[PDB]
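Asks: For reference, this is structure_21.cif, and it has mmCIF, N, CA and C atoms and all ligand atoms.
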data_protein
#
loop_
_atom_site.label_atom_id
_atom_site.label_comp_id
_atom_site.auth_asym_id
_atom_site.auth_seq_id
_atom_site.Cartn_x
_atom_site.Cartn_y
_atom_site.Cartn_z
N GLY A 1 0.81 -1.21 0.00
CA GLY A 1 0.00 0.00 0.00
C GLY A 1 0.84 1.26 0.00
N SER A 2 0.99 1.87 -1.17
CA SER A 2 1.78 3.09 -1.30
C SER A 2 0.97 4.20 -1.97
N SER A 3 0.56 5.18 -1.17
CA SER A 3 -0.23 6.30 -1.67
C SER A 3 0.17 7.60 -0.99
N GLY A 4 -0.40 8.71 -1.46
CA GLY A 4 -0.09 10.00 -0.88
C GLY A 4 -1.06 11.08 -1.32
N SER A 5 -2.35 10.80 -1.17
CA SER A 5 -3.39 11.76 -1.56
C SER A 5 -4.44 11.90 -0.46
N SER A 6 -5.02 13.09 -0.35
CA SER A 6 -6.04 13.35 0.66
C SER A 6 -6.71 14.70 0.41
N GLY A 7 -8.01 14.65 0.12
CA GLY A 7 -8.75 15.88 -0.13
C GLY A 7 -9.31 15.93 -1.54
N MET A 8 -10.31 16.79 -1.75
CA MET A 8 -10.93 16.93 -3.06
C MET A 8 -10.12 17.88 -3.94
N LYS A 9 -9.29 17.32 -4.81
CA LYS A 9 -8.47 18.11 -5.71
C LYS A 9 -7.73 17.22 -6.70
N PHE A 10 -7.16 17.84 -7.74
CA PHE A 10 -6.43 17.10 -8.76
C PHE A 10 -7.38 16.31 -9.64
N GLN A 11 -8.43 16.97 -10.12
CA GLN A 11 -9.42 16.33 -10.98
C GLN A 11 -8.76 15.29 -11.88
N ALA A 12 -9.13 14.03 -11.70
CA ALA A 12 -8.58 12.94 -12.49
C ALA A 12 -8.32 13.39 -13.93
N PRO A 13 -9.39 13.80 -14.62
CA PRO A 13 -9.30 14.26 -16.01
C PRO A 13 -8.59 15.60 -16.13
N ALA A 14 -8.76 16.26 -17.27
CA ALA A 14 -8.13 17.55 -17.51
C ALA A 14 -9.17 18.67 -17.52
N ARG A 15 -10.04 18.67 -16.52
CA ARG A 15 -11.08 19.69 -16.41
C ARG A 15 -11.68 19.71 -15.01
N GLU A 16 -12.64 20.60 -14.80
CA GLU A 16 -13.30 20.72 -13.50
C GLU A 16 -14.60 19.93 -13.47
N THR A 17 -15.14 19.73 -12.27
CA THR A 17 -16.38 18.99 -12.10
C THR A 17 -17.26 19.62 -11.03
N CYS A 18 -18.57 19.53 -11.22
CA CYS A 18 -19.52 20.09 -10.27
C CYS A 18 -19.48 19.34 -8.94
N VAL A 19 -19.37 20.08 -7.85
CA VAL A 19 -19.32 19.49 -6.52
C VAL A 19 -20.72 19.23 -5.97
N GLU A 20 -21.71 19.27 -6.86
CA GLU A 20 -23.09 19.04 -6.47
C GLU A 20 -23.65 17.79 -7.15
N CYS A 21 -23.62 17.78 -8.48
CA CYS A 21 -24.12 16.64 -9.24
C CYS A 21 -22.97 15.75 -9.71
N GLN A 22 -21.75 16.26 -9.59
CA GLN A 22 -20.57 15.51 -10.00
C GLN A 22 -20.53 15.34 -11.52
N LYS A 23 -20.76 16.43 -12.24
CA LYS A 23 -20.75 16.40 -13.69
C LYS A 23 -19.71 17.37 -14.25
N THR A 24 -19.24 17.09 -15.46
CA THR A 24 -18.24 17.94 -16.10
C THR A 24 -18.77 19.35 -16.32
N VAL A 25 -18.25 20.30 -15.55
CA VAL A 25 -18.67 21.69 -15.66
C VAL A 25 -17.99 22.38 -16.83
N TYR A 26 -18.79 22.89 -17.76
CA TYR A 26 -18.27 23.57 -18.94
C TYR A 26 -17.90 25.02 -18.61
N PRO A 27 -17.09 25.63 -19.48
CA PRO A 27 -16.65 27.02 -19.31
C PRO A 27 -17.78 28.02 -19.51
N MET A 28 -18.98 27.50 -19.73
CA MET A 28 -20.15 28.35 -19.94
C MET A 28 -21.05 28.35 -18.70
N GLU A 29 -21.01 27.25 -17.95
CA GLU A 29 -21.82 27.12 -16.75
C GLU A 29 -20.94 26.98 -15.51
N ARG A 30 -19.69 27.40 -15.63
CA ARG A 30 -18.74 27.32 -14.52
C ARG A 30 -18.92 28.50 -13.57
N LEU A 31 -19.51 28.24 -12.41
CA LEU A 31 -19.74 29.28 -11.42
C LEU A 31 -18.90 29.03 -10.17
N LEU A 32 -17.87 29.85 -9.98
CA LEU A 32 -16.99 29.72 -8.82
C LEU A 32 -17.72 30.11 -7.54
N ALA A 33 -17.68 29.22 -6.55
CA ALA A 33 -18.34 29.47 -5.27
C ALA A 33 -17.59 28.79 -4.13
N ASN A 34 -17.01 29.59 -3.25
CA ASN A 34 -16.27 29.06 -2.11
C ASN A 34 -15.04 28.28 -2.57
N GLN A 35 -14.37 28.79 -3.60
CA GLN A 35 -13.18 28.14 -4.14
C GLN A 35 -13.52 26.77 -4.70
N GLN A 36 -14.73 26.64 -5.25
CA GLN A 36 -15.18 25.38 -5.82
C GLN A 36 -16.08 25.61 -7.03
N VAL A 37 -15.99 24.73 -8.01
CA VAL A 37 -16.80 24.84 -9.22
C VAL A 37 -18.24 24.42 -8.95
N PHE A 38 -19.18 25.33 -9.20
CA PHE A 38 -20.59 25.06 -8.99
C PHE A 38 -21.40 25.39 -10.24
N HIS A 39 -22.52 24.70 -10.41
CA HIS A 39 -23.39 24.92 -11.57
C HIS A 39 -24.38 26.05 -11.29
N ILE A 40 -24.37 27.07 -12.14
CA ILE A 40 -25.27 28.20 -11.99
C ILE A 40 -26.65 27.75 -11.53
N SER A 41 -26.99 26.51 -11.85
CA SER A 41 -28.29 25.95 -11.47
C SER A 41 -28.20 25.22 -10.14
N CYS A 42 -27.28 24.26 -10.06
CA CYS A 42 -27.09 23.48 -8.84
C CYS A 42 -26.96 24.39 -7.63
N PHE A 43 -26.24 25.50 -7.80
CA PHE A 43 -26.03 26.45 -6.72
C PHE A 43 -27.34 26.72 -5.98
N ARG A 44 -27.56 25.98 -4.90
CA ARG A 44 -28.77 26.13 -4.10
C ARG A 44 -28.50 25.83 -2.63
N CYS A 45 -29.52 25.99 -1.80
CA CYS A 45 -29.39 25.74 -0.37
C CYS A 45 -29.60 24.26 -0.06
N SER A 46 -28.74 23.71 0.79
CA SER A 46 -28.83 22.30 1.17
C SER A 46 -29.91 22.09 2.22
N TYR A 47 -30.78 23.08 2.37
CA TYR A 47 -31.87 23.01 3.34
C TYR A 47 -33.22 23.11 2.66
N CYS A 48 -33.39 24.16 1.85
CA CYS A 48 -34.64 24.38 1.14
C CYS A 48 -34.49 24.01 -0.34
N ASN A 49 -33.26 24.04 -0.83
CA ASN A 49 -32.99 23.72 -2.23
C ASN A 49 -33.53 24.79 -3.16
N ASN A 50 -33.15 26.04 -2.90
CA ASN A 50 -33.60 27.16 -3.71
C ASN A 50 -32.44 27.76 -4.50
N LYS A 51 -32.76 28.39 -5.63
CA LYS A 51 -31.75 29.01 -6.47
C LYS A 51 -31.12 30.21 -5.78
N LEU A 52 -29.79 30.27 -5.79
CA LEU A 52 -29.07 31.37 -5.16
C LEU A 52 -28.04 31.96 -6.12
N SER A 53 -27.40 33.05 -5.70
CA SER A 53 -26.39 33.71 -6.52
C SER A 53 -25.12 33.96 -5.71
N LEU A 54 -24.15 34.62 -6.34
CA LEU A 54 -22.89 34.92 -5.68
C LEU A 54 -23.04 36.10 -4.72
N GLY A 55 -24.09 36.06 -3.91
CA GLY A 55 -24.33 37.13 -2.95
C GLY A 55 -25.32 36.73 -1.88
N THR A 56 -26.28 35.89 -2.25
CA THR A 56 -27.30 35.43 -1.31
C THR A 56 -26.92 34.09 -0.69
N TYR A 57 -25.96 33.41 -1.31
CA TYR A 57 -25.51 32.11 -0.83
C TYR A 57 -24.65 32.27 0.43
N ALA A 58 -24.24 31.14 1.00
CA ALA A 58 -23.41 31.16 2.20
C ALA A 58 -22.92 29.75 2.54
N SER A 59 -21.63 29.51 2.33
CA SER A 59 -21.04 28.21 2.61
C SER A 59 -20.27 28.23 3.93
N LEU A 60 -20.30 27.11 4.64
CA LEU A 60 -19.61 27.00 5.92
C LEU A 60 -18.54 25.91 5.87
N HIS A 61 -18.99 24.66 5.88
CA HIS A 61 -18.07 23.53 5.84
C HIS A 61 -18.16 22.81 4.49
N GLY A 62 -18.38 23.58 3.43
CA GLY A 62 -18.48 23.00 2.10
C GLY A 62 -19.91 23.01 1.58
N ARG A 63 -20.87 22.92 2.49
CA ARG A 63 -22.28 22.91 2.11
C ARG A 63 -22.81 24.33 1.95
N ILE A 64 -23.68 24.53 0.97
CA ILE A 64 -24.26 25.84 0.72
C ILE A 64 -25.52 26.05 1.55
N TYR A 65 -25.85 27.32 1.81
CA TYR A 65 -27.03 27.66 2.59
C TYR A 65 -27.51 29.07 2.28
N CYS A 66 -28.82 29.28 2.38
CA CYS A 66 -29.40 30.59 2.10
C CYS A 66 -29.32 31.49 3.33
N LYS A 67 -29.00 32.76 3.11
CA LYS A 67 -28.89 33.72 4.20
C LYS A 67 -29.83 33.35 5.35
N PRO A 68 -31.12 33.20 5.03
CA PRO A 68 -32.15 32.85 6.02
C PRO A 68 -31.72 31.67 6.89
N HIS A 69 -31.59 30.50 6.27
CA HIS A 69 -31.20 29.30 7.00
C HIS A 69 -29.80 29.46 7.59
N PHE A 70 -28.86 29.90 6.77
CA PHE A 70 -27.49 30.10 7.22
C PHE A 70 -27.45 30.83 8.56
N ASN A 71 -28.16 31.95 8.64
CA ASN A 71 -28.20 32.74 9.86
C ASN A 71 -29.12 32.09 10.89
N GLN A 72 -30.23 31.53 10.43
CA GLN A 72 -31.19 30.87 11.31
C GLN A 72 -30.52 29.73 12.08
N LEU A 73 -29.43 29.21 11.53
CA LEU A 73 -28.71 28.12 12.17
C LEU A 73 -27.37 28.60 12.72
N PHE A 74 -26.61 29.30 11.89
CA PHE A 74 -25.31 29.82 12.30
C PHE A 74 -25.46 30.83 13.44
N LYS A 75 -25.89 32.04 13.10
CA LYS A 75 -26.08 33.09 14.09
C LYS A 75 -26.69 32.54 15.37
N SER A 76 -26.41 33.19 16.49
CA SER A 76 -26.93 32.76 17.78
C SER A 76 -26.57 33.76 18.88
N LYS A 77 -26.94 33.43 20.11
CA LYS A 77 -26.65 34.30 21.25
C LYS A 77 -26.21 33.48 22.46
N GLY A 78 -26.00 34.16 23.58
CA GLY A 78 -25.58 33.48 24.79
C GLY A 78 -26.29 32.15 24.99
N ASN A 79 -25.53 31.06 24.93
CA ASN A 79 -26.09 29.73 25.11
C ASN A 79 -24.99 28.67 25.13
N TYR A 80 -24.78 28.07 26.29
CA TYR A 80 -23.75 27.04 26.44
C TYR A 80 -24.09 26.10 27.59
N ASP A 81 -23.52 24.90 27.55
CA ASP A 81 -23.77 23.90 28.59
C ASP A 81 -22.50 23.65 29.40
N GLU A 82 -22.65 22.88 30.48
CA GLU A 82 -21.52 22.57 31.35
C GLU A 82 -20.88 21.24 30.96
N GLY A 83 -20.75 21.01 29.65
CA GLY A 83 -20.16 19.78 29.17
C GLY A 83 -18.65 19.85 29.09
N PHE A 84 -18.14 20.74 28.26
CA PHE A 84 -16.70 20.90 28.09
C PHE A 84 -15.99 20.82 29.44
N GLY A 85 -14.76 20.29 29.42
CA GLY A 85 -14.00 20.17 30.65
C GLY A 85 -12.71 19.39 30.45
N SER A 86 -11.69 19.73 31.23
CA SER A 86 -10.39 19.06 31.13
C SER A 86 -9.86 18.71 32.51
N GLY A 87 -9.01 17.69 32.57
CA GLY A 87 -8.43 17.27 33.83
C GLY A 87 -7.13 16.53 33.66
N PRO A 88 -6.25 16.62 34.67
CA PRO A 88 -4.94 15.96 34.65
C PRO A 88 -5.06 14.44 34.76
N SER A 89 -3.97 13.74 34.46
CA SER A 89 -3.95 12.29 34.52
C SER A 89 -2.51 11.76 34.53
N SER A 90 -2.23 10.86 35.46
CA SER A 90 -0.89 10.28 35.57
C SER A 90 -0.45 9.67 34.25
N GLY A 91 0.77 10.00 33.83
CA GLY A 91 1.29 9.48 32.58
C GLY A 91 2.66 8.84 32.75
ZN ZN B 101 -24.08 20.49 -11.19
ZN ZN B 102 -32.34 27.44 2.83
#
Could you render the structure as structure tokens?
Replies:
Amino acid sequence: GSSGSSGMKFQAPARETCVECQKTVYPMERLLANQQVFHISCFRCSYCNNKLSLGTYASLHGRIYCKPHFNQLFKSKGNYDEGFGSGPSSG
């Protein structure tokens, strides 16, 4: 077992591909979004699945989202639990 690759890059072929439908994106429908090739059509919210543009969209961990949902989920206020915690241990 001898390899050395990790991550989405180095398109096998000699072109780009849609990170939504996984299809060969042409130079006519190539829409750059979050440093990734997206289809002017595919470009939608992974929550409601609505058409978006290079201004109303919002990506976080690779997935797209509409301002509404993006903020409705992302944005927030004072709210935390007493879960987190650390402690020493003999080593
Ligand atoms: Zn597509
Ligand atoms: Zn949405």
Asks: Quick one: residues within 9 Å of ligand ZN 101 (chain B), with only C-alpha atoms and all ligand atoms, as a ChimeraX atom specification?
Replies: /A:17-25,29,37-43
Asks: Neighbours of ligand ZN 102 (chain B) within 5 Å, counting all atoms listed in the file, as JSON, numbers by chain?
Replies: {"A": [45, 47, 48, 66, 69]}
Asks: Which residue gives the smallest distance to residue 27 of chain A among A:51, A:15, A:1, A:72, with only C-alpha atoms counted?
Replies: A:15
Asks: Taking the DSSP secondary structure from the backbone, can you list the residues of chain A that are strand (DSSP E), as a PyMOL selection string?
Replies: chain A and resi 30-32+37-39
Asks: Rounded to one decimal place, report the atom N of residue 84 of chain A-atom N of residue 60 of chain A distance in Å.
Replies: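 If I compute the distance from atom N of residue 84 of chain A to atom N of residue 60 of chain A, I get 24.6 Å.
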